[PDB]
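Engineer: Attaching a single structure in C-alpha cells format; questions to follow.
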Amino acid sequence: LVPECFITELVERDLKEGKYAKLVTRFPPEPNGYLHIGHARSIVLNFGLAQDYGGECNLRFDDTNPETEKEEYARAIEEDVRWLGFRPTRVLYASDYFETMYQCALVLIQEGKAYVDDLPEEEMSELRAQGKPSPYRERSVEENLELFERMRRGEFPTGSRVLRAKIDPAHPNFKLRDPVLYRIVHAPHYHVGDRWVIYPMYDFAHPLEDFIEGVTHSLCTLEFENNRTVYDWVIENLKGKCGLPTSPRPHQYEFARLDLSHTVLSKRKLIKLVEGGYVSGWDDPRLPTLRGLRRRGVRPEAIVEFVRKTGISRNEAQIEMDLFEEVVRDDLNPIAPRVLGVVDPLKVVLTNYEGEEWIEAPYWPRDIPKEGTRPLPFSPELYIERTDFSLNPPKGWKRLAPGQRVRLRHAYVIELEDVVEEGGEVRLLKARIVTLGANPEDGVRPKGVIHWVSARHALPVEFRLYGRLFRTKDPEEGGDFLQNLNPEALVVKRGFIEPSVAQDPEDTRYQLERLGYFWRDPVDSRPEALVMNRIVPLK
Ligand SMILES: [Cl-]
Ligand SMILES: [Cl-]
Ligand SMILES: [Cl-]
Ligand SMILES: [Cl-]
C-alpha cells in the first residue's frame, strides 16, 4: 500500500539483516486541532508500512502542551485515522510517559548534563546568538536538583525558568547550544489533569516517547531535519537508563511535506478562516480538513489512493489540485449511480403531450460493468438548466435553442415553440415533443443531450456547489491570502432531483448527469428537505 520509496528500501535492508525483529512506526499528532489532508500522507505512510511488513503502528498523542490540547481533538484524530481505514495497534498518550521523562531528566542533571536556567527568553537567545554560556550553566548538580524540584512543586511561575541540556554554547550547530528540555506551565492537561506543572519540550519528549514504545523507524517531515542532532543526543545519553533499552534504538527519517495548490494547511491561517466566518466551521466542505472532506463526500479510499498515487520522496514539489480532483472523479466513477437533477431550474411546458409516464432508465452507462435501472417520470411540465437554453446560441451549440432541437436524456426529443418573458429575461419555455428510443424521422438529429426533471415529480433540493477555496495556486505564500479566496467557493442553489433518490440509503453518492458527483450532506439533510453537496465537478 506504498510505492517503492527511499524508505521502503531501507526498512527491508534492516528487517532482512535482523537489526529490528519487527517494524514499529507511529503517527504522533498533537491533539490541538483537526487533521487535514497533509496528515493523511503520514497516516498512510506510517500505518501502511506496518501492514505492508507485518509490523505495528502506534497512534500516539504527542501531548506536551497543556494550553491548546483538548480531548475532543484526540477523539477526532482517532475518528479520522480509523475512517481512512487504518487500525492502530495501540492508542497512546505521551503524557502518560511524563514520569519516565522526568526521571530521565533527573538522570541528566545527576550526570552534569542538564541545568536550570533563570534568564528570560530574550537574553537567553541573544547569548546563544553570541555562542556565549548562560551564567547559570555551570551550577552544582545539587543546586540544580533543588531548583528543578522547586520547579516541579510549582513555586515559580509560567515562563520563569527552564531546564536546558548542557552540550556546547559555542557549537557549530545552533540547535545544540543548550536546548531547552523543560519549561513551566501552571495549567492543567486534558489527559493528566493537574498533576504536572513542568512539561517537556518537543526535542526532549519525542525521542523518549519513540524510545519507550520501541518505535524502530521514526518518520516525520523535512521541517525536523535540523532537529536530528538533538534527537540523537537524547537517545544516546539516556540509552540504558530508567528502564529504557540499551539497544535497539529508534532512528528518524524525513520525507516531503504535502503542499496542495488552491489550498492552505498552515494551522494559523486555517484558524483565521474559521473564526473569520470565511468558512462555517472545521468540517465545512470548502476545507481540506479530513473532517470537511468526509462531509464533502470524498471517500477515504479516494484520499488514500491520492496519497499513494503522489508517492513518498524528498520532492517538495507542490501538487496540483487538478490531480486530487481527478482521483476523486476516478474513484466515484464505477460506483456512483447516475441520476438527473437540475440546479438552475427553468420550466418547460409541452403543448403536444398530456398525462404522465414512467421511463425505465439505467443508472450505469455502457462503460460500467453494472446493470441497474429505475423508473424515471415524464410529464408535460419539466425543468431544465437555464444554462441549456439560449436565444442567441454560439457556433457549436449542442443544446436547446429557437431553431435547434434537443434530446432530453433518456426520453424524447423536443423543440422550442414559444418563449415567455418577464423583466427582460426568460421565465418559461413552450415546447413540443417530436422520438422515444429513436432518431427523428426526418433525420436532423438533435446535436446534443440535456438532463431534465418533471416539474410534476421532482423533489426540491438545496445544492451546495463547492469550488476550490482560492483562485491562486499559492495562497500560502502569495502574500494577501484572504484576497485570493474564491468567491465561488460555495454557491448555494435551490433545485430539483428525480424522485428515485428517496428510495436510496442516505450515504448513496450520485453522479447527476452533466453536473458532477453529489451526496446528501450528512449534517443538514433531511428526507423532507434534501440538502446535497457537490463532491467534485466533472472535467
Ligand atoms: Cl544504532
Ligand atoms: Cl394533463
Ligand atoms: Cl451510455
Ligand atoms: Cl439519451
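Within each chain, counting starts at residue 1; across the C-alpha cells, chains are named A, B, ... in the order shown, with ligands numbered 1 upward in that order.
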Name the residues in contact with residue 222 (chain A) at a cut-off of 6 Å, using only C-alpha atoms, excluding same-chain residues fewer than 6 positions from it; report them as an MDAnalysis selection string.
Structural biologist: chainID A and resid 254:256
Engineer: Let me have all residues with an atom within 7 Å of ligand 4, counting only C-alpha atoms and all ligand atoms, laid out as a PyMOL selection string.
Structural biologist: chain A and resi 407-411+449
Engineer: Just to be explicit: take each residue in the selection above, keep N, CA and C atoms, and write the result as an mmCIF file, in the first residue's frame.
Structural biologist:
```
data_model
loop_
_atom_site.group_PDB
_atom_site.id
_atom_site.type_symbol
_atom_site.label_atom_id
_atom_site.label_comp_id
_atom_site.auth_asym_id
_atom_site.auth_seq_id
_atom_site.Cartn_x
_atom_site.Cartn_y
_atom_site.Cartn_z
ATOM 1 N N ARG A 407 -32.187 16.616 -27.267
ATOM 2 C CA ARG A 407 -32.533 15.333 -26.697
ATOM 3 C C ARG A 407 -32.609 15.468 -25.202
ATOM 4 N N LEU A 408 -33.808 15.291 -24.649
ATOM 5 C CA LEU A 408 -33.960 15.066 -23.219
ATOM 6 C C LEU A 408 -33.370 13.712 -22.913
ATOM 7 N N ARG A 409 -32.437 13.645 -21.981
ATOM 8 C CA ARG A 409 -31.759 12.412 -21.678
ATOM 9 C C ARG A 409 -32.702 11.377 -21.143
ATOM 10 N N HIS A 410 -32.653 10.210 -21.769
ATOM 11 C CA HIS A 410 -33.444 9.012 -21.536
ATOM 12 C C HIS A 410 -34.886 9.106 -21.949
ATOM 13 N N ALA A 411 -35.216 10.101 -22.741
ATOM 14 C CA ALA A 411 -36.567 10.293 -23.166
ATOM 15 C C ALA A 411 -36.660 10.873 -24.563
ATOM 16 N N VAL A 449 -27.444 16.290 -25.904
ATOM 17 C CA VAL A 449 -28.367 15.686 -24.938
ATOM 18 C C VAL A 449 -28.297 16.510 -23.652
#
```
Engineer: Within 10 Å of ligand 1, counting only C-alpha atoms and all ligand atoms, which protein or nucleic acid residues do you find, written as a PyMOL selection string?
Structural biologist: chain A and resi 19+232+235-236+246-251
Engineer: If you count only C-alpha atoms and all ligand atoms, which residues end up within 8 Å of ligand 2, as a ChimeraX atom specification?
Structural biologist: /A:353-356,379-380
Engineer: Could you build a table of the residues in chain A lying no more than 10 Å from ligand 3, giving for each the nearest pair of atoms and their separation in Å rounded to one decimal place, using only C-alpha atoms and all ligand atoms, ordered by chain and ascending residue number, as JSON lines?
Structural biologist:
```
{"residue": "A:362", "atom": "CA", "partner": "ligand 3", "partner_atom_place_in_ligand_line": "1 (Cl)", "distance": 8.9}
{"residue": "A:363", "atom": "CA", "partner": "ligand 3", "partner_atom_place_in_ligand_line": "1 (Cl)", "distance": 9.7}
{"residue": "A:364", "atom": "CA", "partner": "ligand 3", "partner_atom_place_in_ligand_line": "1 (Cl)", "distance": 7.5}
{"residue": "A:365", "atom": "CA", "partner": "ligand 3", "partner_atom_place_in_ligand_line": "1 (Cl)", "distance": 4.1}
{"residue": "A:366", "atom": "CA", "partner": "ligand 3", "partner_atom_place_in_ligand_line": "1 (Cl)", "distance": 4.9}
{"residue": "A:367", "atom": "CA", "partner": "ligand 3", "partner_atom_place_in_ligand_line": "1 (Cl)", "distance": 7.4}
{"residue": "A:368", "atom": "CA", "partner": "ligand 3", "partner_atom_place_in_ligand_line": "1 (Cl)", "distance": 9.2}
{"residue": "A:410", "atom": "CA", "partner": "ligand 3", "partner_atom_place_in_ligand_line": "1 (Cl)", "distance": 9.8}
```
Engineer: Go ahead and write the selection's residues with N, CA and C atoms as a PDB file, in the first residue's frame.
Structural biologist:
```
ATOM      1  N   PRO A 362     -31.560   3.348 -16.948  1.00  0.00           N
ATOM      2  CA  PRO A 362     -30.340   2.803 -16.367  1.00  0.00           C
ATOM      3  C   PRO A 362     -29.511   3.760 -15.522  1.00  0.00           C
ATOM      4  N   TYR A 363     -29.077   3.296 -14.361  1.00  0.00           N
ATOM      5  CA  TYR A 363     -28.132   4.034 -13.529  1.00  0.00           C
ATOM      6  C   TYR A 363     -26.726   4.095 -14.092  1.00  0.00           C
ATOM      7  N   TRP A 364     -26.382   3.109 -14.918  1.00  0.00           N
ATOM      8  CA  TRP A 364     -25.000   2.856 -15.323  1.00  0.00           C
ATOM      9  C   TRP A 364     -24.891   2.902 -16.830  1.00  0.00           C
ATOM     10  N   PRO A 365     -23.871   3.606 -17.362  1.00  0.00           N
ATOM     11  CA  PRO A 365     -23.620   3.617 -18.811  1.00  0.00           C
ATOM     12  C   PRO A 365     -22.911   2.387 -19.341  1.00  0.00           C
ATOM     13  N   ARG A 366     -22.779   2.331 -20.663  1.00  0.00           N
ATOM     14  CA  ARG A 366     -22.104   1.230 -21.346  1.00  0.00           C
ATOM     15  C   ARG A 366     -20.740   0.864 -20.736  1.00  0.00           C
ATOM     16  N   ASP A 367     -19.938   1.868 -20.377  1.00  0.00           N
ATOM     17  CA  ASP A 367     -18.586   1.619 -19.825  1.00  0.00           C
ATOM     18  C   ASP A 367     -18.626   0.819 -18.521  1.00  0.00           C
ATOM     19  N   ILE A 368     -19.549   1.145 -17.617  1.00  0.00           N
ATOM     20  CA  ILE A 368     -19.571   0.498 -16.292  1.00  0.00           C
ATOM     21  C   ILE A 368     -20.145  -0.929 -16.372  1.00  0.00           C
ATOM     22  N   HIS A 410     -32.653  10.210 -21.769  1.00  0.00           N
ATOM     23  CA  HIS A 410     -33.444   9.012 -21.536  1.00  0.00           C
ATOM     24  C   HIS A 410     -34.886   9.106 -21.949  1.00  0.00           C
TER      25      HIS A 410
END
```
Engineer: List as an MDAnalysis selection string the protein and nucleic acid residues near residue 478 (chain A), meaning an atom at most 12 Å away when only C-alpha atoms are counted, but skip any in the same chain fewer than 6 places from it.
Structural biologist: chainID A and resid 261:264 470:472 484:485
Engineer: Could you write out that same residue set with C-alpha atoms as an mmCIF file, in the first residue's frame?
Structural biologist:
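Done, and the output landed in selection.cif:
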```
data_model
loop_
_atom_site.group_PDB
_atom_site.id
_atom_site.type_symbol
_atom_site.label_atom_id
_atom_site.label_comp_id
_atom_site.auth_asym_id
_atom_site.auth_seq_id
_atom_site.Cartn_x
_atom_site.Cartn_y
_atom_site.Cartn_z
ATOM 1 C CA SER A 261 -2.398 24.173 -4.728
ATOM 2 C CA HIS A 262 -5.514 26.365 -4.220
ATOM 3 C CA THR A 263 -5.440 25.348 -0.555
ATOM 4 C CA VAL A 264 -3.748 26.224 2.707
ATOM 5 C CA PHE A 470 -8.646 30.066 -3.573
ATOM 6 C CA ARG A 471 -8.217 31.351 -7.120
ATOM 7 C CA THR A 472 -4.430 31.344 -6.839
ATOM 8 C CA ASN A 484 -7.156 35.190 -3.046
ATOM 9 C CA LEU A 485 -10.261 33.434 -1.737
#
```
Engineer: Between A:387, A:280, A:352, A:500, which residue has the minimum interatomic distance to residue 434 (chain A), considering only C-alpha atoms?
Structural biologist: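 Closest candidate: A:352.
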Engineer: For the strand (DSSP E) assignment from backbone DSSP, which residues of region 164-333 of chain A qualify? Please present them as a PDB file with N, CA, C and O atoms, in the first residue's frame.
Structural biologist:
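Done, and the output landed in part.pdb:
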```
ATOM      1  N   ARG A 164      17.788  23.179  30.689  1.00  0.00           N
ATOM      2  CA  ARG A 164      18.404  23.078  29.414  1.00  0.00           C
ATOM      3  C   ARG A 164      19.409  21.963  29.491  1.00  0.00           C
ATOM      4  O   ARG A 164      19.913  21.654  30.564  1.00  0.00           O
ATOM      5  N   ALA A 165      19.689  21.370  28.343  1.00  0.00           N
ATOM      6  CA  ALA A 165      20.808  20.459  28.209  1.00  0.00           C
ATOM      7  C   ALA A 165      22.086  21.252  28.073  1.00  0.00           C
ATOM      8  O   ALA A 165      22.114  22.206  27.326  1.00  0.00           O
ATOM      9  N   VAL A 180      16.412  23.867  25.276  1.00  0.00           N
ATOM     10  CA  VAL A 180      15.531  23.766  26.448  1.00  0.00           C
ATOM     11  C   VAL A 180      14.931  22.384  26.502  1.00  0.00           C
ATOM     12  O   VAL A 180      14.257  21.998  25.578  1.00  0.00           O
ATOM     13  N   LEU A 181      15.169  21.672  27.596  1.00  0.00           N
ATOM     14  CA  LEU A 181      14.500  20.404  27.863  1.00  0.00           C
ATOM     15  C   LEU A 181      13.125  20.560  28.508  1.00  0.00           C
ATOM     16  O   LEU A 181      12.187  19.911  28.056  1.00  0.00           O
ATOM     17  N   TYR A 182      12.990  21.390  29.550  1.00  0.00           N
ATOM     18  CA  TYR A 182      11.689  21.532  30.281  1.00  0.00           C
ATOM     19  C   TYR A 182      11.330  22.956  30.522  1.00  0.00           C
ATOM     20  O   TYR A 182      12.171  23.734  30.907  1.00  0.00           O
ATOM     21  N   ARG A 183      10.056  23.261  30.379  1.00  0.00           N
ATOM     22  CA  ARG A 183       9.522  24.567  30.706  1.00  0.00           C
ATOM     23  C   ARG A 183       8.474  24.469  31.823  1.00  0.00           C
ATOM     24  O   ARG A 183       8.204  23.400  32.323  1.00  0.00           O
ATOM     25  N   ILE A 184       7.917  25.625  32.199  1.00  0.00           N
ATOM     26  CA  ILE A 184       6.968  25.740  33.290  1.00  0.00           C
ATOM     27  C   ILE A 184       5.665  26.261  32.770  1.00  0.00           C
ATOM     28  O   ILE A 184       5.653  27.329  32.194  1.00  0.00           O
ATOM     29  N   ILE A 198       5.624  21.274  35.355  1.00  0.00           N
ATOM     30  CA  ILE A 198       6.717  21.266  34.423  1.00  0.00           C
ATOM     31  C   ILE A 198       6.280  20.298  33.376  1.00  0.00           C
ATOM     32  O   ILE A 198       5.687  19.264  33.721  1.00  0.00           O
ATOM     33  N   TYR A 199       6.585  20.648  32.118  1.00  0.00           N
ATOM     34  CA  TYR A 199       6.207  19.915  30.910  1.00  0.00           C
ATOM     35  C   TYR A 199       7.411  19.872  29.983  1.00  0.00           C
ATOM     36  O   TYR A 199       8.112  20.850  29.862  1.00  0.00           O
ATOM     37  N   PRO A 200       7.663  18.738  29.309  1.00  0.00           N
ATOM     38  CA  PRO A 200       8.849  18.669  28.457  1.00  0.00           C
ATOM     39  C   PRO A 200       8.698  19.337  27.087  1.00  0.00           C
ATOM     40  O   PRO A 200       7.573  19.381  26.539  1.00  0.00           O
ATOM     41  N   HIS A 217      11.526   2.851  13.220  1.00  0.00           N
ATOM     42  CA  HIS A 217      11.742   3.944  12.287  1.00  0.00           C
ATOM     43  C   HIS A 217      10.753   5.016  12.623  1.00  0.00           C
ATOM     44  O   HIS A 217       9.549   4.759  12.653  1.00  0.00           O
ATOM     45  N   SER A 218      11.286   6.203  12.898  1.00  0.00           N
ATOM     46  CA  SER A 218      10.504   7.376  13.270  1.00  0.00           C
ATOM     47  C   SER A 218      10.450   8.318  12.076  1.00  0.00           C
ATOM     48  O   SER A 218      11.436   9.001  11.758  1.00  0.00           O
ATOM     49  N   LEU A 219       9.306   8.306  11.388  1.00  0.00           N
ATOM     50  CA  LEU A 219       9.108   9.072  10.148  1.00  0.00           C
ATOM     51  C   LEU A 219       8.367  10.393  10.382  1.00  0.00           C
ATOM     52  O   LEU A 219       7.241  10.426  10.915  1.00  0.00           O
ATOM     53  N   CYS A 220       9.013  11.468   9.970  1.00  0.00           N
ATOM     54  CA  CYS A 220       8.488  12.820  10.095  1.00  0.00           C
ATOM     55  C   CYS A 220       8.895  13.626   8.854  1.00  0.00           C
ATOM     56  O   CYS A 220       9.696  13.163   8.037  1.00  0.00           O
ATOM     57  N   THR A 221       8.331  14.821   8.724  1.00  0.00           N
ATOM     58  CA  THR A 221       8.523  15.651   7.556  1.00  0.00           C
ATOM     59  C   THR A 221       9.815  16.445   7.689  1.00  0.00           C
ATOM     60  O   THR A 221      10.350  16.568   8.797  1.00  0.00           O
ATOM     61  N   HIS A 251      15.356   5.448  14.977  1.00  0.00           N
ATOM     62  CA  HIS A 251      16.071   6.366  14.082  1.00  0.00           C
ATOM     63  C   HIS A 251      15.063   7.137  13.230  1.00  0.00           C
ATOM     64  O   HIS A 251      14.104   6.565  12.700  1.00  0.00           O
ATOM     65  N   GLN A 252      15.312   8.435  13.107  1.00  0.00           N
ATOM     66  CA  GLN A 252      14.456   9.381  12.398  1.00  0.00           C
ATOM     67  C   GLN A 252      14.710   9.361  10.893  1.00  0.00           C
ATOM     68  O   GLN A 252      15.839   9.248  10.473  1.00  0.00           O
ATOM     69  N   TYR A 253      13.656   9.472  10.090  1.00  0.00           N
ATOM     70  CA  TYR A 253      13.792   9.648   8.650  1.00  0.00           C
ATOM     71  C   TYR A 253      12.800  10.694   8.177  1.00  0.00           C
ATOM     72  O   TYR A 253      11.639  10.685   8.574  1.00  0.00           O
ATOM     73  N   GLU A 254      13.258  11.611   7.331  1.00  0.00           N
ATOM     74  CA  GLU A 254      12.378  12.672   6.866  1.00  0.00           C
ATOM     75  C   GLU A 254      11.931  12.533   5.402  1.00  0.00           C
ATOM     76  O   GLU A 254      12.718  12.202   4.500  1.00  0.00           O
ATOM     77  N   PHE A 255      10.653  12.823   5.187  1.00  0.00           N
ATOM     78  CA  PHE A 255      10.031  12.756   3.883  1.00  0.00           C
ATOM     79  C   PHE A 255       9.352  14.104   3.601  1.00  0.00           C
ATOM     80  O   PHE A 255       9.261  14.959   4.473  1.00  0.00           O
TER      81      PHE A 255
END
```
Engineer: Distance CA of residue 177 (chain A)-CA of residue 128 (chain A), one decimal place?
Structural biologist: 6.3 Å
Engineer: Would you compute the distance between CA of residue 298 (chain A) and CA of residue 44 (chain A)? Give it in Å to one decimal.
Structural biologist: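 Distance reported for this atom pair: 16.4 Å.
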Engineer: Here is a test: counting only C-alpha atoms, which residue of A:178, A:63, A:71, A:155 is nearest to residue 129 (chain A)?
Structural biologist: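 Among the listed residues, A:178 lies closest to residue 129 (chain A).
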Engineer: CA of residue 492 (chain A) and CA of residue 464 (chain A), how far apart in Å?
Structural biologist: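 About the pair CA of residue 464 (chain A) and CA of residue 492 (chain A): they are 4.9 Å apart.
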Engineer: Have a look at A:192, A:201, A:104, A:65 and name the one nearest to residue 244 (chain A); count only C-alpha atoms.
Structural biologist: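 With only C-alpha atoms as the atom set, the closest residue is A:104.
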Engineer: Kindly indicate which residue among A:282, A:314, A:343, A:490 lies nearest to residue 294 (chain A), using only C-alpha atoms for the distances.
Structural biologist: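 Between A:282, A:314, A:343, A:490, the residue approaching residue 294 (chain A) most closely is A:282.
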Engineer: With only C-alpha atoms as the counted atoms, please give the residues lying no more than 7 Å from region 25-34 of chain A, apart from itself and same-chain residues fewer than 3 positions off, as a list in words.
Structural biologist: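 My reading of the contact set: residues 42, 43, 46, 50, 56, 57, 58, 59, 60, 61, 62, 63, 68, 69, 70, 73, 74, 76, 77, 215, 216, 217, 218 and 289 of chain A.
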Engineer: Would you list the contacts of residue 395 (chain A) as a PyMOL selection string, taking every protein, DNA or RNA residue within 12 Å and counting only C-alpha atoms, but skipping same-chain residues closer than 6 positions in sequence?
Structural biologist: chain A and resi 401+404+447
Engineer: When you look at residue 230 (chain A) with a cut-off of 9 Å (counting only C-alpha atoms), what residues show up, excluding the ones that are within fewer than 5 positions of it in the same chain? I need them as a ChimeraX atom specification.
Structural biologist: /A:175-176,179,203-204,235
Engineer: Generate the output file for the selected residues, N, CA, C and O atoms, as a tab-separated table (two decimals), in the first residue's frame.
Structural biologist:
```
chain	number	residue	atom	x	y	z
A	175	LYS	N	21.16	24.44	17.21
A	175	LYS	CA	20.16	23.67	17.92
A	175	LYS	C	20.80	23.00	19.13
A	175	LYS	O	20.10	22.68	20.07
A	176	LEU	N	22.13	22.84	19.10
A	176	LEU	CA	22.86	22.19	20.20
A	176	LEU	C	23.41	23.14	21.27
A	176	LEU	O	24.07	22.70	22.23
A	179	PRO	N	19.87	23.25	24.23
A	179	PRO	CA	18.41	23.40	24.00
A	179	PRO	C	17.57	23.21	25.25
A	179	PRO	O	17.97	22.50	26.19
A	203	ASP	N	11.79	18.53	21.55
A	203	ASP	CA	13.03	17.84	21.28
A	203	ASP	C	13.45	16.87	22.37
A	203	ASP	O	14.26	15.97	22.14
A	204	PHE	N	12.94	17.03	23.57
A	204	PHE	CA	13.20	16.00	24.59
A	204	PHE	C	12.15	14.87	24.53
A	204	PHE	O	12.51	13.71	24.49
A	235	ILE	N	18.60	10.22	22.95
A	235	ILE	CA	18.67	8.77	22.96
A	235	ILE	C	20.04	8.30	23.42
A	235	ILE	O	20.15	7.50	24.33
```
